[PDB]
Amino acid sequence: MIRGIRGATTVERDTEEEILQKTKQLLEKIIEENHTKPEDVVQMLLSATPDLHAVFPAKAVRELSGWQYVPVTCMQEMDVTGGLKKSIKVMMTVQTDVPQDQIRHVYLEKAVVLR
């Protein structure tokens, strides 16, 4: 079966350094919690709120080991007044036997308010 794994985080400032640092952190956290192997990943969708323009969060996937063939693309999240600002989210589609109720979705930084 195929399951989606969600992840979310926030950054303090709109800079390449922080965006890449925290996006990388979010991804390693997801891979750690779910024991994810790159060949099992169907695709990955990254999104950012309309207040981040510094860099494409996907550039961080390059620092991971063996993830060069995983198709990734970046979308803009819906602008909702009063919603979480400066946020980066992940929707990783993977093949797994793990039941839907046991998938480890990851919420870090100020995005803990979403858990």
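Residue numbers here begin at 1 and follow the sequence given.
Between 35-43 and 78-86, the higher mean Cα B-factor belongs to 78-86. The PDB entry records a higher mean C-alpha B factor for 14-22 than for its counterpart among 14-22 and 88-96.
You'll see in the entry that, of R115, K110, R6, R3, the Cα B factor peaks at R115. When the modelled residues of the chain are ordered by C-alpha B-factor, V70 sits in the middle third. The deposited CA B-factor of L27 belongs to the lowest third of values across its chain. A48: CA B factor lies in the lowest third for its chain, per the PDB record. When the CA B factors of the chain's modelled residues are split into thirds, the value for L64 lands in the middle one.
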